Amino acid sequence: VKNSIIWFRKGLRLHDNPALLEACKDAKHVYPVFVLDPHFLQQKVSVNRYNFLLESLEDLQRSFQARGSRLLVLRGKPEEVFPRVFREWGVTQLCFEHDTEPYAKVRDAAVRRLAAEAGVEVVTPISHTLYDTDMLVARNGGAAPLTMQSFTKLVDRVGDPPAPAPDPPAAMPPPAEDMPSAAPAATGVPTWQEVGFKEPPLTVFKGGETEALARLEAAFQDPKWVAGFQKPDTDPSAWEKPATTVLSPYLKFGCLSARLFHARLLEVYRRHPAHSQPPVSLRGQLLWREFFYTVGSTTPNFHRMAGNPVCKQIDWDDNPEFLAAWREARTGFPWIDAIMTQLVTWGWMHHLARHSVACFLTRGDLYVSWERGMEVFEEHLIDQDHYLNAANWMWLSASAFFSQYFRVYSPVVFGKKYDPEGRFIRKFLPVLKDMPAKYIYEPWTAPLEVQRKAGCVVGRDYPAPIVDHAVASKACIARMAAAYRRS
Ligand SMILES: Cc1cc2nc3c(=O)[nH]c(=O)nc-3n(C[C@H](O)[C@H](O)[C@H](O)COP(=O)(O)OP(=O)(O)OC[C@H]3O[C@@H](n4cnc5c(N)ncnc54)[C@H](O)[C@@H]3O)c2cc1C
Ligand SMILES: [Cl-]
């Protein structure tokens, strides 16, 4: 007979899952498996992102239960669990969506040879990205494009991405009954308390495929907003209704298919001939994700500076005092501190909000390494993506792709263009809720009488600015110019 395993790592969804469709084909029993390392915390990761993953697994569990099946959350490591369940369940075929991250390449290679000894077929479709990223490199002559302009000219020569896979059957072959490793008491989806977390998550974005499809349909409620979407023109201070889709955590964990997003975009574009074009368009934003995956997967040490062939070698400062102030949202600049507070409470900020805080730490004011700042974002971002976090932190540090180090955002004036009343600041920094809008971006310039009337004295209730931006940015730009000259 045919007994199969659909292994979930990313792609936590039932729609557009070519691995699941193959796993269910002619199968007597299908085993939906997610491998969980219970010692992950005792080895880093916020409860915001981990609970978002748990909520995603609960959505998969309710979707499988509604079709006569059941999600199995196996504890342990894949190299140790799979050899056992192969022979316990009589597995003949193992299916899982392809992954191009460095750890996945080593992990899958080990499971591929474990399945071979067990006489198990391995099927690994590509569905996390729009295209086969190895195909894009081969068609480009054997190298990956290093600019968005050249990348977009390549994908347009390749053509449309593959259409999203059809839906799985309404009834799925269930796991075999009375299997010891498939017992519900050891294969259930745990909560954030049971995995060893003390404080609860505070984010407002719920995980799972159902929420991903609901936020997708809400974004496409106004097709004119979708067709005329221009990323550099969106509002980073909009928090009640974010100015962008906020689909990045769903796309990261695979709760939403990128190919489904792309096909829905083309449907709107055919009806709106004046739709925006890449890179500013919504489709361009998916291409940014596709471009950074293509470059990073073919570049060694892409998440580091040393040994990175695309990253410039800058003598970043080792200043733990400045890093602690930026990380703990006490820089003394309310625009920066409010975004850093939104980072640790929601796990998501607007793209230009991330521009402000990444530039402030690196080439703008503090001259701290982009690796140190990437580590802080990897812990708290619920949309943390290995290749996307890395490429964008090298972008904002003027280490790769971007090179115009004279463009320095001001921590005072950037947000004031969008939100002169400081509504974004008053929300995430309630210690400044009574400060008048004249000084809300520069609280150290408010008279002492005003600081007391507002109940926020600089130095007692809110810290003073750690640096003078006019002086700090002048020094940072001079050092960046001396670096691009020694190259
Ligand atoms: C320092 C820094 C770190 C970042 N780290 C991450 C990260 O870990 N994970 C992450 O998903 N994005 C990251 N980004 C990119 C960007 O900030 C987010 O993708 C965006 O804020 C997500 O909002 P959205 O889903 O509403 O995007 P939209 O504007 O609605 O775009 C839709 C989708 O396109 C993709 N996308 C959009 N912008 C980019 C971009 N600049 N690069 C790559 N893909 C993009 C995402 O999948 C996103 O969900 C980072 C950017 C910076 C400056
Ligand atoms: Cl500015």
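Order of appearance sets the numbers: ligands from 1, and atoms from 1 within every ligand. Hydrogens, waters and symmetry mates play no part in the numbers below; they use all other heavy atoms, side chains included. The first residue of the sequence shown is numbered 1, and numbering continues consecutively from there.
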Check: Do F229 and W225 make the cut of ring centroids closer than 6.0 angstrom?
Finding: yes

Atom 27 (O) of ligand 1 sits nearest the protein heavy atom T245 OG1, 4.0 Å

Among non-hydrogen protein atoms, atom 47 (O) of ligand 1 lies closest to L251 CD1, 3.4 Å

request  = Start with the C-alpha distance between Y418 and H350, add both sets of side-chain angles, then the distance that settles side-chain contact (heavy atoms from CB on, under 4.5 Å), and finish with yes or no.
outcome  = CA-CA 13 Å; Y418 305 93; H350 185 271; over 6 Å; no

Practice task
Say whether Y293 and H128, considering side chains only, have a donor N or O and an acceptor N or O under 3.5 Å apart.
Solution key: yes

Short version for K231: what comes under 4.0 Å of ligand 1, heavy atoms counted, is side chain

If you compare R283, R215, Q285, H351 by their heavy atoms, the one closest to atom 34 (O) of ligand 1 turns out to be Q285

Within the 4.0 Å heavy-atom cut-off, what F292 brings close to ligand 1 is side chain

Q: Give a yes or no on whether the ring-centroid distance for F292 and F401 is below 6.0 angstrom.
A: yes

Problem set entry | No-hydrogen, no-angle side-chain donor-acceptor test under 3.5 Å, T203 and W348 | no

Nearest heavy atom to atom 9 (N) of ligand 1, choosing from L256, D383, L388, belongs to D383

Checklist entry - Are any of the N/O atoms in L247 less than 3.5 Å from those in ligand 1? => result yes

Atom 2 (C) of ligand 1: closest protein heavy atom, distance to 0.1 Å, is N392 CB, 3.5 Å

Between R289 and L388, does a side-chain contact (heavy atoms from CB on, under 4.5 Å) hold up when you go through it step by step? CA-CA 7 Å; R289 173 179 178 269; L388 302 190; 3.9 Å; yes

The atoms of ligand 1 lying under 4.0 Å from a heavy atom of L286, numbered in the order shown, are 34 (O)

Atom 24 (P) of ligand 1: closest protein heavy atom, distance to 0.1 Å, is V246 N, 3.6 Å

- request: Ignoring hydrogens and angles, state whether a donor on the side chain of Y462 or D337 is under 3.5 Å from an acceptor on the partner side chain.
  value: yes

- request: Is it possible for you to check whether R9 lies under 6.0 Å from the centre of the six-membered ring of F34, through NZ or CZ, and within 45° of that ring's axis?
  value: no

With heavy atoms and a 4.0 Å threshold, my read on which part of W370 contacts ligand 1 is neither

re atom 12 (N) of ligand 1, the protein heavy-atom contact at minimum distance is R354 NH1, 3.9 Å

Heavy-atom gap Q384 to ligand 1 smaller than 4.0 Å: yes

Quick note on ligand 1: atoms under 4.0 Å from a heavy atom of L396 include exactly 53 (C)

The atoms of ligand 1 lying under 4.0 Å from a heavy atom of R289, numbered in the order shown, are 43 (C), 44 (N), 47 (O)

TODO: Compute the minimum heavy-atom distance from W348 to ligand 1 and say whether it is under 4.0 Å.
DONE: yes

Using the ring centroid of each side chain, check whether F302 and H386 are separated by less than 6.0 Å.
no

The answer for which part of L282 has a heavy atom under 4.0 Å from ligand 1 is side chain

Any N or O of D385 that comes nearer than 3.5 Å to an N or O of ligand 1?
-> yes

Check: Quick check, are the ring centers of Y439 and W444 under 6.0 angstrom apart?
Finding: no

**OP:** Return yes or no for this condition: an N or O of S248 is under 3.5 Å from an N or O of ligand 1.
**Re:** yes

Item checked: Aromatic centroids of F333 and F360 separated by under 6.0 Å -> yes

For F229, the ligand 1 atoms with a heavy-atom partner under 4.0 Å come out as 29 (O)

With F52 as partner, the option from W192, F205, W346, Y250 fulfilling ring-ring contact (aromatic ring centres under 6.0 Å, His included) is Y250

At a 4.0 Å cut-off, with the gap strictly under it, does some heavy atom of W395 reach an atom of ligand 1?
no

Logged contact type for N389 with ligand 1, heavy-atom cut-off 4.0 Å, is both

Exercise for review: Say whether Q384 and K252, considering side chains only, have a donor N or O and an acceptor N or O under 3.5 Å apart.
Suggested key: no

Parallel, tilted or perpendicular, as decided by the 30° and 60° cut-offs, for the rings of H351 and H355 | perpendicular

Near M349 (heavy-atom distance under 4.0 Å), the atoms of ligand 1 are 21 (O)

What about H355: any of its N or O atoms under 3.5 Å from an N or O on ligand 1?
no

